[PDB]
Amino acid sequence: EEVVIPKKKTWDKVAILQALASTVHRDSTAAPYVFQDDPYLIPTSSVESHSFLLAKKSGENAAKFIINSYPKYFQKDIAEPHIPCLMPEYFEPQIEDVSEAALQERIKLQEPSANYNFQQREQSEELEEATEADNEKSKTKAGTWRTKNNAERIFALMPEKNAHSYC
Amino acid sequence: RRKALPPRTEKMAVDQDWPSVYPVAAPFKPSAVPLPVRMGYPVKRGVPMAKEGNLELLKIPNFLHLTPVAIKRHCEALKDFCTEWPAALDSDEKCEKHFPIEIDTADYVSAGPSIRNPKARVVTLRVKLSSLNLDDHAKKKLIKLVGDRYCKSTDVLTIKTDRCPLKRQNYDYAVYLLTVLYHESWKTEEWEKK
Amino acid sequence: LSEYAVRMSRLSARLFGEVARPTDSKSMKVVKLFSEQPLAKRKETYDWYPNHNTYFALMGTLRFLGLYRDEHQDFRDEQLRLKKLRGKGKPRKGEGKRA
Amino acid sequence: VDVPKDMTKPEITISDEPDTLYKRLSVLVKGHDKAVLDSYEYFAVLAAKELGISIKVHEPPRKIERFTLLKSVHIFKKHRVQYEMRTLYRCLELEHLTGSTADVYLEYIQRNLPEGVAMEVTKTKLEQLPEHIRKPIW
Amino acid sequence: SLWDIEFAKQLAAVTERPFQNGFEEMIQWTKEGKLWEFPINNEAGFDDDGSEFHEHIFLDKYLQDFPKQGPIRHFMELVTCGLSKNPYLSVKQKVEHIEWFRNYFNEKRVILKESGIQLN
Amino acid sequence: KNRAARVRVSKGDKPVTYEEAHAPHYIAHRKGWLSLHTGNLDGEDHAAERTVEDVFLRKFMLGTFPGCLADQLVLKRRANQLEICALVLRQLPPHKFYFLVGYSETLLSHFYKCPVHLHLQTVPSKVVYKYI
Amino acid sequence: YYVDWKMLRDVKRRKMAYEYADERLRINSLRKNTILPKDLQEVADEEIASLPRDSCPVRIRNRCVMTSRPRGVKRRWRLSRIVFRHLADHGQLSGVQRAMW
Amino acid sequence: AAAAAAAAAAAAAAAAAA
Ligand SMILES: [Mg+2]
C-alpha cells in the first residue's frame, strides 16, 4: 500500500538531442556551420559561398567515385553495428545469362536497360506484365523517336495491364 | 589574390550568449573565441604563446560548450524527460523490505568504431536470505548447496553469471538459478536421511 | 567427506551446470577446450596484421590519380630515372646471366 | 532581436509499464590527466544538482603502469629507457534514481564525455521478487 | 513502384539542407546510424538470433542419439558443459559441434566395436 | 647522447616550432600528447587498432596536404567519431581547400567505418617559438 | 606489398590457422581425454598429423606491424621496441610518457 | 558408484528453461 512506483517515459533516439538543440538558437556573428570557421575559408560574398559549397560537394562525390570504382579496398568492416551507408556500392548486375534476372537488375541500375530487353527478346523469353512495367518506368524516368519504338514493344509484344501502361 | 579577414573577436557582442557560439564539442578555433589566452612555457625574455597557431591549445579538451550557463539551459530542457523518485523509499531500511533483490549490471563506453566489450556480459545478483520464506531445514540445505557464494556474516547470497553471451540472457539465467535454488532447497530426498 | 556431503556436492554441480559425475583433472581439459575461444579464433590473433596490400594499393592508386602525393615513391622514381640515364638500369628477365 | 518562434516540439509519451528503479549508479571515469577529470567532476556535480540527484563524489587511488625498454638499437643493455602510463580515477556515486532519470542523466553525461577519458557504468537495478518464488510450495 | 521513389526523392530534395548546427549534424547521423545509440550499451545491434539462456546452457536435448550408459555419455557431458560455459559462440555453432561428434562416431563404427565396449 | 625526437641546435638561425623545441622528457610536463583516445588507459583494450589508424592518418594527411602542413596533426577520438585538427598554411586557394576537406571527410569515413571530422586552422606562416 | 617475406608467410599461417581452428579444436578433444579408449586416440593422432603444417597455431609468430621485427615487440600495441619509442617520443600515443620517480 | 536421478525436464518446464 505504501509502495509508489511511477511510470516510464519512452522517447526516440534523437528526441533528447532535438531538445538540447532547441535550447541553442542561430548565432548572429557566426558563419554558417557547413563552412569552415577560419577567416581564410569563410565565404565573403554570395557567389563565393556558392562556389565553396560546390567545391566541397565536388570533393565528396569525387571520393564517392573512388569508393564505387574500387570496392575491394573498403570491404573490411571495423564498426560492430555494421553501418550500411559506409559500404561501397556496386553498379553491376548479379546475373547475366538469365533473362528473367538481368532485367530486374538493369532496370534499377539507361542504355543497359534497353540492352537487357534486347537480349531477353532474342531468345523468345516470355515477359509478364510486371517485368516490363518497371523497364518502361526506367525509360519514363530518364528519357522522341526511340519512345515510339519502346511503346510498340509495350502493347504489341504483350497484352500488358492498363494500370502499368498509363503510368 | 590573397585575402585576410579579421576574426569574429571584433564582432563579438558583450552580452552575446555563449551556448549559441559553442553548442557542441569544438576543436577550439581561435577565430571563434574572443578570449585572449596564452598557453605554453614562456621564454626567458618572451611570453607564453598566444592563441593563434598554438598547438597546445588545440591538444587539450575544451569545455567551452559546457559553461555553467549552457549547462543550466540544457538541464532545464531535460526536466520533461525525467521522472520523479518516490519519497516512500528515501531510506534503505524500507528498500530492503520492499525490493530486497539487487541486480548489479555493468555498462561500458570506449572511443573507437567498436562497441562489444566482453566485460559487459557479467551480471551480479545479490539477495538477502533474511527476506525469504526458508525454514531451518531448507536454510541449512541452501547454505551448503550454494557454498562460498553466501556470506555468513552479512547474510547475503551472491550469484555471478557470465556463461551467457548477452546481458539479458545472463539476467534471466540468474533469476532461473535463484528460482531453482529456492525450489531445490525445499525438497528432502532419500539420501538426506543419512 | 561424507555420503551426505558428496551427494550435496553432486547436486550443486548439476544445479549450477558444472560437471556432475567425478572426472579427472586431465579430463577437465576437454571441458576447458570448449569453455573458451581457441587461440586461432581470437581477434587479437587472426586480426593481428592489417592488410598492407590494401594500404599500399590504395595509396598507389590515389598517387596515380593525383590525390595523394607519395614523396618516398617520388624519391625512388627520381633515383631510378637518374640510374637509367647514367646507364645502369634493371636488366630484362632472361638475359642477365646468358647474355 | 530575430528570435525564432515555436522552436520546441519534443515527442514524449508516458507508457503504463512501471518504471525500473535503481538504488546505486556508480560511474568510474578514468583518464590520463587530473585537470580534465576535475572539470568533468564540476560539470557532472552541477548537472546532477539541477536534476536533484544528490551525488557524492570521491577519488579512487590512481594506477601507474611502468615498463622498461632498451635505450640503443643494436647492443646496449646497461642503459635503459623507462616509460610510464598514469591512470586517474573519479567516482560519481548516484543514489535514488529511476529508469528514465538515469537514462536522461546518462544522455547528458555521455554525449559530452571528453575524448581522452573512459567511463564504467555499474547499475544496481531494483526488483522486488520473481514470480515462481513469491509464496510457492513446489 | 519507381514513381513512389521519385516522389520521395522530390520530397527529400526540399527536406534536406546543408547543416546549420552540430546538434543537427549528430541528429542526422544518428538517424543514419553513424553515431552510437545513446545511452551506449555494449549489446546494441547484436541479438544472437533472438536466443535465450535455455538455448545456450541446456544442450542435453542434442544428446538423445547416443549410448546413455556408455563412455560416450561421459565424454559428451564434458563437451556439453564446456560449450554451455562458452559466451563466444552462437547456438548454431554448438549444434554443429555436437553434430560433428555425432557423424564422426557414427562413421567410425569398427573401432568402437573393436575396443570391447558395446556402442551404437 | 640522447637523440630521440630532438632537433639539433644550429648556429642560431633555424626556425623551430614549440613541439620540436622540447625534448621527449618534457611530455606531459611542458607539452601534451598529439593524440587522445581510450586504448592507452589501464582497464581498456584495442590500443593497436587505434595506433595503426593513427599512423595511417599522419601519413595520409601529410601526403594529402603537401607542403602546407605547419605542425603535426591533433587526432581526437570521442564517441565513435574521430576529429582531425590541422594547422595549414594559406598556400592553396580556398576552392582547393574545400575540395580536399570534403574529399577526406568521406574517404576516411568510408575507409574506417566511423564518422570523421576535419578541422583546418589557416596560419600565415609557420609560427616560430625559439630562436629564428 | 607487405613489409617482409617473413610477414607474408606469417599472414598465410594465421589465415590457415583460422581456417582450421574448428577442426583442430575438435580433434584435440579426442586426444586430451582419458574416458575414450586409446585405440581411437592413436587414429586421432594420425588425422591430426595429416593436417597441413602451417595450420597449427604454434607456427604463428608475433612480429611488429610496421617493421615486422620478430623480437622485442610489445603485445599491447603490437609494436617493436624501436617504433614504439619513435612514436611515443614524438607524442603520437596518449598517456605514454617518460617514467620519472 | 551410485548415481542420483535429477529431473531436469520437469524443472525446466516448471521455471521456464525448456
Ligand atoms: Mg625490407
# chains A, B, ... in the order shown; residues from 1 in each chain; ligands from 1
>>> closest_atom_pairs(of="chain H", to="chain D", cutoff="12 Å", atoms="only C-alpha atoms", output="CSV")
residue,atom,partner,partner_atom,distance
H:10,CA,D:138,CA,11.3
H:11,CA,D:138,CA,10.0
H:13,CA,D:132,CA,11.9
H:14,CA,D:132,CA,8.6
H:15,CA,D:132,CA,7.0
H:16,CA,D:132,CA,9.9
>>> residues_around(residues="stretch 67-76 of chain A", least_positions_apart="2", cutoff="8 Å", atoms="only C-alpha atoms", output="list in words")
residues 63, 64, 65, 78, 87, 88, 89 and 90 of chain A; 54 and 58 of chain C; 107, 110 and 111 of chain F
>>> write_last_selection(atoms="N, CA and C atoms", output="PDB file, in the first residue's frame")
ATOM      1  N   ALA A  63      35.293  11.611 -53.974  1.00  0.00           N
ATOM      2  CA  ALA A  63      35.606  10.499 -53.081  1.00  0.00           C
ATOM      3  C   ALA A  63      34.674   9.317 -53.320  1.00  0.00           C
ATOM      4  N   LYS A  64      33.378   9.589 -53.495  1.00  0.00           N
ATOM      5  CA  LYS A  64      32.416   8.521 -53.747  1.00  0.00           C
ATOM      6  C   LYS A  64      32.706   7.778 -55.045  1.00  0.00           C
ATOM      7  N   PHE A  65      33.189   8.482 -56.072  1.00  0.00           N
ATOM      8  CA  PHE A  65      33.592   7.821 -57.307  1.00  0.00           C
ATOM      9  C   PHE A  65      34.712   6.821 -57.065  1.00  0.00           C
ATOM     10  N   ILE A  78      35.004  -2.620 -39.713  1.00  0.00           N
ATOM     11  CA  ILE A  78      35.555  -2.450 -38.379  1.00  0.00           C
ATOM     12  C   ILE A  78      34.467  -2.144 -37.356  1.00  0.00           C
ATOM     13  N   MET A  87      29.302   1.408 -46.645  1.00  0.00           N
ATOM     14  CA  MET A  87      29.737   0.323 -47.508  1.00  0.00           C
ATOM     15  C   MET A  87      29.780   0.782 -48.965  1.00  0.00           C
ATOM     16  N   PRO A  88      30.720   0.262 -49.751  1.00  0.00           N
ATOM     17  CA  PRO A  88      30.765   0.617 -51.172  1.00  0.00           C
ATOM     18  C   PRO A  88      29.574   0.050 -51.927  1.00  0.00           C
ATOM     19  N   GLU A  89      29.193   0.747 -52.992  1.00  0.00           N
ATOM     20  CA  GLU A  89      28.082   0.344 -53.838  1.00  0.00           C
ATOM     21  C   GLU A  89      28.591  -0.285 -55.130  1.00  0.00           C
ATOM     22  N   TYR A  90      27.766  -1.160 -55.699  1.00  0.00           N
ATOM     23  CA  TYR A  90      28.109  -1.894 -56.909  1.00  0.00           C
ATOM     24  C   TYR A  90      27.074  -1.598 -57.983  1.00  0.00           C
TER      25      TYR A  90
ATOM     26  N   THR C  54      46.044  -3.758 -49.064  1.00  0.00           N
ATOM     27  CA  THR C  54      45.054  -2.709 -49.264  1.00  0.00           C
ATOM     28  C   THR C  54      45.664  -1.333 -49.045  1.00  0.00           C
ATOM     29  N   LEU C  58      45.929   1.121 -52.246  1.00  0.00           N
ATOM     30  CA  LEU C  58      45.081   2.303 -52.189  1.00  0.00           C
ATOM     31  C   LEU C  58      45.910   3.573 -52.331  1.00  0.00           C
TER      32      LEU C  58
ATOM     33  N   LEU F 107      36.159   9.965 -47.649  1.00  0.00           N
ATOM     34  CA  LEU F 107      37.053   8.837 -47.902  1.00  0.00           C
ATOM     35  C   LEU F 107      37.500   8.180 -46.603  1.00  0.00           C
ATOM     36  N   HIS F 110      34.562   6.268 -45.045  1.00  0.00           N
ATOM     37  CA  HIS F 110      34.286   5.001 -45.707  1.00  0.00           C
ATOM     38  C   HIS F 110      35.419   3.994 -45.560  1.00  0.00           C
ATOM     39  N   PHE F 111      36.628   4.440 -45.223  1.00  0.00           N
ATOM     40  CA  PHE F 111      37.731   3.507 -45.029  1.00  0.00           C
ATOM     41  C   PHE F 111      37.844   3.022 -43.585  1.00  0.00           C
TER      42      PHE F 111
END
>>> interface_residues(of="chain F", to="chain A", cutoff="12 Å", atoms="only C-alpha atoms", output="PDB file with N, CA, C and O atoms, in the first residue's frame")
ATOM      1  N   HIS F  46      42.123  -2.610 -27.229  1.00  0.00           N
ATOM      2  CA  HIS F  46      42.113  -2.123 -28.611  1.00  0.00           C
ATOM      3  C   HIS F  46      43.053  -0.934 -28.804  1.00  0.00           C
ATOM      4  O   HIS F  46      42.717   0.041 -29.477  1.00  0.00           O
ATOM      5  N   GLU F  49      44.740  -1.267 -32.600  1.00  0.00           N
ATOM      6  CA  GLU F  49      43.800  -0.937 -33.665  1.00  0.00           C
ATOM      7  C   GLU F  49      43.718   0.567 -33.877  1.00  0.00           C
ATOM      8  O   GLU F  49      43.605   1.034 -35.016  1.00  0.00           O
ATOM      9  N   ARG F  50      43.769   1.343 -32.795  1.00  0.00           N
ATOM     10  CA  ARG F  50      43.806   2.794 -32.918  1.00  0.00           C
ATOM     11  C   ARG F  50      45.189   3.321 -33.278  1.00  0.00           C
ATOM     12  O   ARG F  50      45.282   4.335 -33.973  1.00  0.00           O
ATOM     13  N   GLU F  53      45.706   3.087 -37.095  1.00  0.00           N
ATOM     14  CA  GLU F  53      44.941   4.151 -37.730  1.00  0.00           C
ATOM     15  C   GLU F  53      45.577   5.512 -37.500  1.00  0.00           C
ATOM     16  O   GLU F  53      45.568   6.349 -38.402  1.00  0.00           O
ATOM     17  N   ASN F  80      33.107   7.293 -31.171  1.00  0.00           N
ATOM     18  CA  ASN F  80      32.941   6.657 -32.477  1.00  0.00           C
ATOM     19  C   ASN F  80      33.308   7.614 -33.611  1.00  0.00           C
ATOM     20  O   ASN F  80      33.522   7.187 -34.749  1.00  0.00           O
ATOM     21  N   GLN F  81      33.443   8.903 -33.316  1.00  0.00           N
ATOM     22  CA  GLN F  81      33.792   9.886 -34.332  1.00  0.00           C
ATOM     23  C   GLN F  81      35.163  10.462 -34.022  1.00  0.00           C
ATOM     24  O   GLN F  81      35.434  10.876 -32.889  1.00  0.00           O
ATOM     25  N   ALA F  86      44.069  20.275 -37.770  1.00  0.00           N
ATOM     26  CA  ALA F  86      45.274  20.506 -38.549  1.00  0.00           C
ATOM     27  C   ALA F  86      45.579  21.994 -38.601  1.00  0.00           C
ATOM     28  O   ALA F  86      44.672  22.830 -38.593  1.00  0.00           O
ATOM     29  N   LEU F  87      46.870  22.313 -38.637  1.00  0.00           N
ATOM     30  CA  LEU F  87      47.354  23.672 -38.853  1.00  0.00           C
ATOM     31  C   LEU F  87      47.953  23.719 -40.251  1.00  0.00           C
ATOM     32  O   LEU F  87      48.963  23.061 -40.522  1.00  0.00           O
ATOM     33  N   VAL F  88      47.332  24.494 -41.135  1.00  0.00           N
ATOM     34  CA  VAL F  88      47.672  24.507 -42.552  1.00  0.00           C
ATOM     35  C   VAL F  88      48.072  25.918 -42.955  1.00  0.00           C
ATOM     36  O   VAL F  88      47.463  26.900 -42.512  1.00  0.00           O
ATOM     37  N   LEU F  89      49.112  26.019 -43.778  1.00  0.00           N
ATOM     38  CA  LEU F  89      49.488  27.301 -44.350  1.00  0.00           C
ATOM     39  C   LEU F  89      48.495  27.703 -45.438  1.00  0.00           C
ATOM     40  O   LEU F  89      47.847  26.865 -46.069  1.00  0.00           O
ATOM     41  N   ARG F  90      48.384  29.011 -45.655  1.00  0.00           N
ATOM     42  CA  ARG F  90      47.464  29.547 -46.659  1.00  0.00           C
ATOM     43  C   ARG F  90      48.149  29.632 -48.025  1.00  0.00           C
ATOM     44  O   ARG F  90      48.274  30.691 -48.637  1.00  0.00           O
ATOM     45  N   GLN F  91      48.596  28.470 -48.499  1.00  0.00           N
ATOM     46  CA  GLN F  91      49.222  28.346 -49.808  1.00  0.00           C
ATOM     47  C   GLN F  91      48.225  28.013 -50.908  1.00  0.00           C
ATOM     48  O   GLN F  91      48.296  28.587 -51.999  1.00  0.00           O
ATOM     49  N   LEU F  92      47.294  27.092 -50.646  1.00  0.00           N
ATOM     50  CA  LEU F  92      46.252  26.743 -51.597  1.00  0.00           C
ATOM     51  C   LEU F  92      45.101  27.742 -51.532  1.00  0.00           C
ATOM     52  O   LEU F  92      44.839  28.332 -50.478  1.00  0.00           O
ATOM     53  N   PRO F  93      44.407  27.943 -52.649  1.00  0.00           N
ATOM     54  CA  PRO F  93      43.201  28.759 -52.617  1.00  0.00           C
ATOM     55  C   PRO F  93      42.095  28.054 -51.857  1.00  0.00           C
ATOM     56  O   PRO F  93      42.104  26.816 -51.712  1.00  0.00           O
ATOM     57  N   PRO F  94      41.124  28.809 -51.336  1.00  0.00           N
ATOM     58  CA  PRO F  94      40.004  28.178 -50.620  1.00  0.00           C
ATOM     59  C   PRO F  94      39.214  27.196 -51.466  1.00  0.00           C
ATOM     60  O   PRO F  94      38.655  26.239 -50.914  1.00  0.00           O
ATOM     61  N   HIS F  95      39.147  27.401 -52.783  1.00  0.00           N
ATOM     62  CA  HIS F  95      38.453  26.450 -53.644  1.00  0.00           C
ATOM     63  C   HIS F  95      39.093  25.070 -53.580  1.00  0.00           C
ATOM     64  O   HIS F  95      38.381  24.061 -53.510  1.00  0.00           O
ATOM     65  N   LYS F  96      40.425  25.001 -53.604  1.00  0.00           N
ATOM     66  CA  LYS F  96      41.111  23.726 -53.456  1.00  0.00           C
ATOM     67  C   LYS F  96      41.137  23.232 -52.014  1.00  0.00           C
ATOM     68  O   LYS F  96      41.205  22.020 -51.795  1.00  0.00           O
ATOM     69  N   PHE F  97      41.087  24.136 -51.030  1.00  0.00           N
ATOM     70  CA  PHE F  97      40.920  23.699 -49.645  1.00  0.00           C
ATOM     71  C   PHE F  97      39.613  22.936 -49.457  1.00  0.00           C
ATOM     72  O   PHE F  97      39.587  21.865 -48.827  1.00  0.00           O
ATOM     73  N   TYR F  98      38.520  23.479 -49.993  1.00  0.00           N
ATOM     74  CA  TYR F  98      37.200  22.910 -49.769  1.00  0.00           C
ATOM     75  C   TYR F  98      36.990  21.615 -50.535  1.00  0.00           C
ATOM     76  O   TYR F  98      36.183  20.781 -50.108  1.00  0.00           O
ATOM     77  N   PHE F  99      37.691  21.428 -51.653  1.00  0.00           N
ATOM     78  CA  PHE F  99      37.657  20.142 -52.335  1.00  0.00           C
ATOM     79  C   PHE F  99      38.271  19.050 -51.468  1.00  0.00           C
ATOM     80  O   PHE F  99      37.665  17.991 -51.269  1.00  0.00           O
ATOM     81  N   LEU F 100      39.463  19.304 -50.922  1.00  0.00           N
ATOM     82  CA  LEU F 100      40.166  18.285 -50.150  1.00  0.00           C
ATOM     83  C   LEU F 100      39.498  17.994 -48.813  1.00  0.00           C
ATOM     84  O   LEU F 100      39.479  16.834 -48.386  1.00  0.00           O
ATOM     85  N   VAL F 101      38.964  19.011 -48.127  1.00  0.00           N
ATOM     86  CA  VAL F 101      38.321  18.725 -46.845  1.00  0.00           C
ATOM     87  C   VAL F 101      37.107  17.820 -47.047  1.00  0.00           C
ATOM     88  O   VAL F 101      36.924  16.829 -46.324  1.00  0.00           O
ATOM     89  N   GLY F 102      36.279  18.124 -48.051  1.00  0.00           N
ATOM     90  CA  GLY F 102      35.137  17.279 -48.351  1.00  0.00           C
ATOM     91  C   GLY F 102      35.529  15.909 -48.858  1.00  0.00           C
ATOM     92  O   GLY F 102      34.854  14.918 -48.562  1.00  0.00           O
ATOM     93  N   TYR F 103      36.613  15.828 -49.634  1.00  0.00           N
ATOM     94  CA  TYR F 103      37.122  14.531 -50.060  1.00  0.00           C
ATOM     95  C   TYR F 103      37.511  13.659 -48.877  1.00  0.00           C
ATOM     96  O   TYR F 103      37.089  12.498 -48.796  1.00  0.00           O
ATOM     97  N   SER F 104      38.315  14.200 -47.960  1.00  0.00           N
ATOM     98  CA  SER F 104      38.780  13.426 -46.816  1.00  0.00           C
ATOM     99  C   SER F 104      37.632  13.030 -45.899  1.00  0.00           C
ATOM    100  O   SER F 104      37.564  11.875 -45.460  1.00  0.00           O
ATOM    101  N   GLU F 105      36.704  13.957 -45.625  1.00  0.00           N
ATOM    102  CA  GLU F 105      35.637  13.674 -44.668  1.00  0.00           C
ATOM    103  C   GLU F 105      34.768  12.496 -45.084  1.00  0.00           C
ATOM    104  O   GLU F 105      34.067  11.932 -44.238  1.00  0.00           O
ATOM    105  N   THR F 106      34.780  12.120 -46.360  1.00  0.00           N
ATOM    106  CA  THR F 106      34.058  10.940 -46.813  1.00  0.00           C
ATOM    107  C   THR F 106      34.966   9.748 -47.085  1.00  0.00           C
ATOM    108  O   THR F 106      34.588   8.615 -46.770  1.00  0.00           O
ATOM    109  N   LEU F 107      36.159   9.965 -47.649  1.00  0.00           N
ATOM    110  CA  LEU F 107      37.053   8.837 -47.902  1.00  0.00           C
ATOM    111  C   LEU F 107      37.500   8.180 -46.603  1.00  0.00           C
ATOM    112  O   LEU F 107      37.458   6.949 -46.477  1.00  0.00           O
ATOM    113  N   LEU F 108      37.928   8.980 -45.624  1.00  0.00           N
ATOM    114  CA  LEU F 108      38.326   8.427 -44.339  1.00  0.00           C
ATOM    115  C   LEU F 108      37.165   7.749 -43.628  1.00  0.00           C
ATOM    116  O   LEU F 108      37.360   6.699 -43.005  1.00  0.00           O
ATOM    117  N   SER F 109      35.965   8.329 -43.710  1.00  0.00           N
ATOM    118  CA  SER F 109      34.795   7.716 -43.091  1.00  0.00           C
ATOM    119  C   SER F 109      34.476   6.367 -43.721  1.00  0.00           C
ATOM    120  O   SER F 109      34.152   5.409 -43.011  1.00  0.00           O
ATOM    121  N   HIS F 110      34.562   6.268 -45.045  1.00  0.00           N
ATOM    122  CA  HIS F 110      34.286   5.001 -45.707  1.00  0.00           C
ATOM    123  C   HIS F 110      35.419   3.994 -45.560  1.00  0.00           C
ATOM    124  O   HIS F 110      35.189   2.798 -45.765  1.00  0.00           O
ATOM    125  N   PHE F 111      36.628   4.440 -45.223  1.00  0.00           N
ATOM    126  CA  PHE F 111      37.731   3.507 -45.029  1.00  0.00           C
ATOM    127  C   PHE F 111      37.844   3.022 -43.585  1.00  0.00           C
ATOM    128  O   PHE F 111      38.357   1.922 -43.351  1.00  0.00           O
ATOM    129  N   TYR F 112      37.380   3.810 -42.610  1.00  0.00           N
ATOM    130  CA  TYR F 112      37.376   3.393 -41.209  1.00  0.00           C
ATOM    131  C   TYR F 112      36.008   3.043 -40.639  1.00  0.00           C
ATOM    132  O   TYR F 112      35.932   2.692 -39.455  1.00  0.00           O
ATOM    133  N   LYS F 113      34.935   3.134 -41.423  1.00  0.00           N
ATOM    134  CA  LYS F 113      33.594   2.765 -40.964  1.00  0.00           C
ATOM    135  C   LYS F 113      33.217   3.526 -39.693  1.00  0.00           C
ATOM    136  O   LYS F 113      32.585   2.989 -38.782  1.00  0.00           O
ATOM    137  N   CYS F 114      33.618   4.796 -39.635  1.00  0.00           N
ATOM    138  CA  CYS F 114      33.350   5.639 -38.477  1.00  0.00           C
ATOM    139  C   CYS F 114      33.327   7.087 -38.936  1.00  0.00           C
ATOM    140  O   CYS F 114      34.054   7.447 -39.868  1.00  0.00           O
ATOM    141  N   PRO F 115      32.494   7.930 -38.327  1.00  0.00           N
ATOM    142  CA  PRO F 115      32.445   9.344 -38.727  1.00  0.00           C
ATOM    143  C   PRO F 115      33.766  10.053 -38.460  1.00  0.00           C
ATOM    144  O   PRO F 115      34.416   9.837 -37.430  1.00  0.00           O
ATOM    145  N   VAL F 116      34.157  10.911 -39.398  1.00  0.00           N
ATOM    146  CA  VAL F 116      35.399  11.667 -39.317  1.00  0.00           C
ATOM    147  C   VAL F 116      35.082  13.147 -39.488  1.00  0.00           C
ATOM    148  O   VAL F 116      34.358  13.539 -40.412  1.00  0.00           O
ATOM    149  N   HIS F 117      35.594  13.959 -38.572  1.00  0.00           N
ATOM    150  CA  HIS F 117      35.547  15.409 -38.664  1.00  0.00           C
ATOM    151  C   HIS F 117      36.925  15.920 -39.055  1.00  0.00           C
ATOM    152  O   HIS F 117      37.940  15.414 -38.570  1.00  0.00           O
ATOM    153  N   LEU F 118      36.963  16.917 -39.932  1.00  0.00           N
ATOM    154  CA  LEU F 118      38.216  17.558 -40.311  1.00  0.00           C
ATOM    155  C   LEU F 118      38.097  19.048 -40.044  1.00  0.00           C
ATOM    156  O   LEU F 118      37.211  19.709 -40.596  1.00  0.00           O
ATOM    157  N   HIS F 119      38.980  19.577 -39.201  1.00  0.00           N
ATOM    158  CA  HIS F 119      39.026  20.999 -38.905  1.00  0.00           C
ATOM    159  C   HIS F 119      40.402  21.541 -39.261  1.00  0.00           C
ATOM    160  O   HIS F 119      41.428  20.988 -38.844  1.00  0.00           O
ATOM    161  N   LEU F 120      40.411  22.617 -40.043  1.00  0.00           N
ATOM    162  CA  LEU F 120      41.628  23.257 -40.514  1.00  0.00           C
ATOM    163  C   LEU F 120      41.740  24.640 -39.895  1.00  0.00           C
ATOM    164  O   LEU F 120      40.754  25.384 -39.846  1.00  0.00           O
ATOM    165  N   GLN F 121      42.935  24.979 -39.422  1.00  0.00           N
ATOM    166  CA  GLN F 121      43.247  26.318 -38.946  1.00  0.00           C
ATOM    167  C   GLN F 121      44.348  26.876 -39.833  1.00  0.00           C
ATOM    168  O   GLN F 121      45.451  26.319 -39.883  1.00  0.00           O
ATOM    169  N   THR F 122      44.046  27.957 -40.543  1.00  0.00           N
ATOM    170  CA  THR F 122      44.969  28.537 -41.508  1.00  0.00           C
ATOM    171  C   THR F 122      45.880  29.537 -40.812  1.00  0.00           C
ATOM    172  O   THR F 122      45.403  30.469 -40.154  1.00  0.00           O
ATOM    173  N   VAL F 123      47.184  29.337 -40.957  1.00  0.00           N
ATOM    174  CA  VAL F 123      48.177  30.244 -40.390  1.00  0.00           C
ATOM    175  C   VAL F 123      48.902  30.948 -41.532  1.00  0.00           C
ATOM    176  O   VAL F 123      49.125  30.343 -42.590  1.00  0.00           O
ATOM    177  N   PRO F 124      49.257  32.226 -41.377  1.00  0.00           N
ATOM    178  CA  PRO F 124      50.011  32.902 -42.445  1.00  0.00           C
ATOM    179  C   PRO F 124      51.355  32.259 -42.728  1.00  0.00           C
ATOM    180  O   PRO F 124      51.796  32.254 -43.883  1.00  0.00           O
TER     181      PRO F 124
END
>>> interface_residues(of="chain C", to="chain G", cutoff="8 Å", atoms="only C-alpha atoms", output="list in words")
residues 26, 27, 28, 29, 30, 33, 38, 39, 40, 41, 45, 46, 48, 49, 50, 52, 53, 56 and 57 of chain C
>>> residues_around(residues="stretch 110-126 of chain D", least_positions_apart="3", cutoff="8 Å", atoms="only C-alpha atoms", output="mmCIF file with C-alpha atoms, in the first residue's frame")
data_model
loop_
_atom_site.group_PDB
_atom_site.id
_atom_site.type_symbol
_atom_site.label_atom_id
_atom_site.label_comp_id
_atom_site.auth_asym_id
_atom_site.auth_seq_id
_atom_site.Cartn_x
_atom_site.Cartn_y
_atom_site.Cartn_z
ATOM 1 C CA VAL B 24 28.786 21.179 -29.093
ATOM 2 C CA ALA B 25 32.385 20.000 -28.791
ATOM 3 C CA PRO B 61 39.899 19.228 -24.466
ATOM 4 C CA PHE B 99 12.767 -4.650 -3.061
ATOM 5 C CA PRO B 100 15.330 -6.992 -1.450
ATOM 6 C CA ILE B 101 16.881 -8.190 -4.740
ATOM 7 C CA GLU B 102 19.760 -6.115 -6.128
ATOM 8 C CA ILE B 103 20.938 -6.513 -9.730
ATOM 9 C CA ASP B 104 24.465 -5.282 -10.432
ATOM 10 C CA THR B 105 24.802 -4.564 -14.158
ATOM 11 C CA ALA B 106 27.921 -3.239 -15.885
ATOM 12 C CA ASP B 107 27.882 -0.781 -18.788
ATOM 13 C CA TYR B 108 30.993 0.390 -20.620
ATOM 14 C CA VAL B 109 31.992 3.062 -23.135
ATOM 15 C CA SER B 110 35.168 3.451 -25.192
ATOM 16 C CA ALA B 111 36.232 5.706 -28.049
ATOM 17 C CA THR D 20 12.567 0.482 -13.468
ATOM 18 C CA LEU D 21 14.197 1.539 -10.204
ATOM 19 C CA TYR D 22 17.882 1.894 -9.338
ATOM 20 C CA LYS D 23 19.444 2.069 -5.888
ATOM 21 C CA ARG D 24 23.077 2.915 -6.731
ATOM 22 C CA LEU D 25 24.502 4.022 -10.067
ATOM 23 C CA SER D 26 28.303 4.039 -9.904
ATOM 24 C CA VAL D 27 30.297 5.877 -12.570
ATOM 25 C CA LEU D 28 34.056 5.346 -12.763
ATOM 26 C CA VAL D 29 35.640 7.987 -15.001
ATOM 27 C CA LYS D 30 39.208 7.030 -15.899
ATOM 28 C CA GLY D 31 41.586 9.487 -17.515
ATOM 29 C CA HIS D 32 45.216 10.423 -18.044
ATOM 30 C CA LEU D 106 23.489 9.353 -18.773
ATOM 31 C CA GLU D 107 22.434 11.057 -22.002
ATOM 32 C CA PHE E 38 22.928 6.791 -26.509
ATOM 33 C CA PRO E 39 22.872 5.672 -23.765
ATOM 34 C CA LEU F 36 43.984 11.284 -27.330
ATOM 35 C CA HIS F 37 41.963 8.072 -27.060
ATOM 36 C CA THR F 38 40.915 5.420 -24.540
ATOM 37 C CA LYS F 76 40.901 13.443 -31.190
ATOM 38 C CA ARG F 77 38.817 10.302 -30.656
ATOM 39 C CA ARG F 78 35.456 10.913 -28.966
ATOM 40 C CA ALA F 79 32.492 8.503 -29.179
ATOM 41 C CA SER G 94 48.246 9.081 -25.467
#
